[PDB]
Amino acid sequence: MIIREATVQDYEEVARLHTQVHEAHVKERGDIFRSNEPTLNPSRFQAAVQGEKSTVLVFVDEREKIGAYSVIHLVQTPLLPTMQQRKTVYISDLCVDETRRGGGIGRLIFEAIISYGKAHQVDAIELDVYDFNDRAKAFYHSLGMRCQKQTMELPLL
């Protein structure tokens, strides 16, 4: 059991985790999300892994299998007249293998993100979650996260 930075060789396993979460979003919001195979572009994954401001973390179990992964970004907004300069870690992905959920792995990954965040003296960790996603909302709430803002919608069709 370790958390390490991902390599490009982790692609297939991470891609599989991404598709679990993506298919859940297709199911609930098919007006926004579309089914595709794969759901994670291998070149885009490689870019995240090697990116200057991005980092991919994996949780690897006792049998050297990927049980979870996350993609994070160090984000800097410039000073503006009406907005504070702000440095954040943005989590664009955090997936735990569906059959390994409810057993500590997500929290372990997130603790590593916090460690990274603090070492870079960021103001906050941020992420976006779809409103239907009760499981994610409960998880992130349990970690001390709260709503900053929300996207509201009025369908017109």
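Don't overthink the numbering: it's just position in the shown sequence, from 1.
The stretch with the higher mean CA B factor, choosing between 5-13 and 135-143, is 5-13. Of the two stretches examined, 22-30 and 46-54, the record assigns the greater average C-alpha temperature factor to 46-54. Of the residues listed, 93, 111, 126, 62, the entry assigns the biggest Cα temperature factor to 62.
When the modelled residues of the chain are ordered by their C-alpha B factor, residue 36 lands in the lowest third. In this PDB entry, residue 86 carries a Cα temperature factor that places it within the highest third of its chain's modelled residues.
Placement of the Cα temperature factor of residue 156 within the chain: highest third of the modelled residues, per the deposited record. Split the chain's modelled residues into thirds by C-alpha temperature factor. Residue 121 is in the middle one.
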